[PDB]
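Going by this note's numbering, the first residue of the sequence shown is number 30, and it counts up by one from there.
In this text, a Cβ means the ideal position worked out from N, Cα and C, and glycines have one as well.
First the structure, in the form of structure tokens, and then the observations on it.
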Amino acid sequence: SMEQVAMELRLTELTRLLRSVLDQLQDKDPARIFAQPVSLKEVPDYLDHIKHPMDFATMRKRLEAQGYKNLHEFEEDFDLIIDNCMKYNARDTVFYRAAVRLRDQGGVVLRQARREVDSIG
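So this is what it looks like as structure tokens:
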């Protein structure tokens, strides 16, 4: 149908906007602490602690399959990155501190993304 196409065009544009948001959030992680999944070879107990692991490469795979229907879904995944780290790592660690900084800096990016998504529909 023409409607399914129109729908698919909106998704594609959402994907375009989320790709830019993702690049901006990932620049706030210059140490690449959150770039890849926590290694189960190097942290063999990880899944005993963290039930839904997440990282920027995993988000990128979902993104490019147009797997985010709306901003709320994308934000859920970004919040997993931060919240998982803040539970697994203690407060006095470079990891926890990196998550706090990513959260704080990402807030600005995500604030304007929500306005853009509502604005452009």
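Each residue's CA atom was taken as its position, placing residue 131 and residue 36 some 32 Å apart. Here the segment 33-47 does not lie against the segment 56-70, with fewer than 3 beta-carbon pairs under 8 Å apart. For residue 106 and residue 73, the gap between their C-alpha atoms comes out near 22 Å.
Excluding five sequence positions before and after residue 138, the CB atoms of its chain that fall closer than 7 Å to its own CB belong to 50, 53 and 54, given in chain order. In this structure, residue 117 sits near residue 79, with a CB-CB distance shorter than 7 Å. Looking from the CA of residue 65, the closest CA among 76, 88 and 48 belongs to 88. Rounded to whole angstroms, the separation of the alpha carbons of residue 144 and residue 68 is 36 Å.
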